[PDB]
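Asks: Structure provided below as structure tokens; questions to follow.
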Amino acid sequence: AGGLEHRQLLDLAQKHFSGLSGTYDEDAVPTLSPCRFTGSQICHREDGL
Amino acid sequence: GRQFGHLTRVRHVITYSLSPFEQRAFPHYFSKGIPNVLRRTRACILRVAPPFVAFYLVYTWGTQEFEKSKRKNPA
């Protein structure tokens, strides 16, 4: 973001990022599992504060 | 009357609690509860029981004796 043409950013991308692995592993693609929310409570009692 | 925030001093103690809609109200009621009743009974039976056993024997003897004394004996 700033004073720059989108063209030059794409050129620099193909110039300095083409050397990057775009081929994932056979079955090692990470997938985010949903995270269980839990109604709960945590109380760190510290009266010195 | 005392109030919360003025009771006592506590430091470095963490408490983890779970919501009541997230857990069972009767978790392992018989699978865990019956063993605990037997543990507590054993721990206190010798303090509570012998007095009332002593009462039961004095109760029955006094009633038996009172019954026999009211029956007459040949002269």
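Every chain in the structure tokens takes a letter, A first, then B, and so on in the order presented; its residues are numbered from 1, and the ligands are numbered from 1 following the presented order.
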Give the residues of chain B that lie within 9 Å of chain A; count only C-alpha atoms, and format the answer as a PyMOL selection string.
Replies: chain B and resi 9-22
Asks: Identify all residues of stretch 1-36 of chain A in alpha helix (DSSP H) (DSSP on the backbone) and supply them as a list in words.
Replies: residues 6, 7, 8, 9, 10, 11, 12, 13, 14, 15 and 16 of chain A
Asks: Please produce an output containing C-alpha atoms for each residue in the selection, written as a PDB file, in the first residue's frame.
Replies:
ATOM      1  CA  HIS A   6       0.325  -2.915  -9.100  1.00  0.00           C
ATOM      2  CA  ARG A   7       2.295  -3.933 -12.201  1.00  0.00           C
ATOM      3  CA  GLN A   8       5.689  -3.561 -10.531  1.00  0.00           C
ATOM      4  CA  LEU A   9       4.572  -5.460  -7.436  1.00  0.00           C
ATOM      5  CA  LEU A  10       3.532  -8.388  -9.653  1.00  0.00           C
ATOM      6  CA  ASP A  11       6.875  -8.240 -11.491  1.00  0.00           C
ATOM      7  CA  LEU A  12       8.801  -8.301  -8.215  1.00  0.00           C
ATOM      8  CA  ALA A  13       6.569 -11.184  -7.099  1.00  0.00           C
ATOM      9  CA  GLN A  14       7.350 -13.346 -10.145  1.00  0.00           C
ATOM     10  CA  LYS A  15      10.981 -12.237  -9.753  1.00  0.00           C
ATOM     11  CA  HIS A  16      11.590 -13.014  -6.067  1.00  0.00           C
TER      12      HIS A  16
END
Asks: Name the residues of chain B that fall into strand (DSSP E or B) according to DSSP on the backbone, using the chain letters and numbers of this document, as a ChimeraX atom specification.
Replies: /B:11-18
Asks: Record the distance separating atom CA of residue B:58 and atom CA of residue B:45, expressed in Å with one decimal.
Replies: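 That distance, rounded to one decimal, is 19.8 Å.
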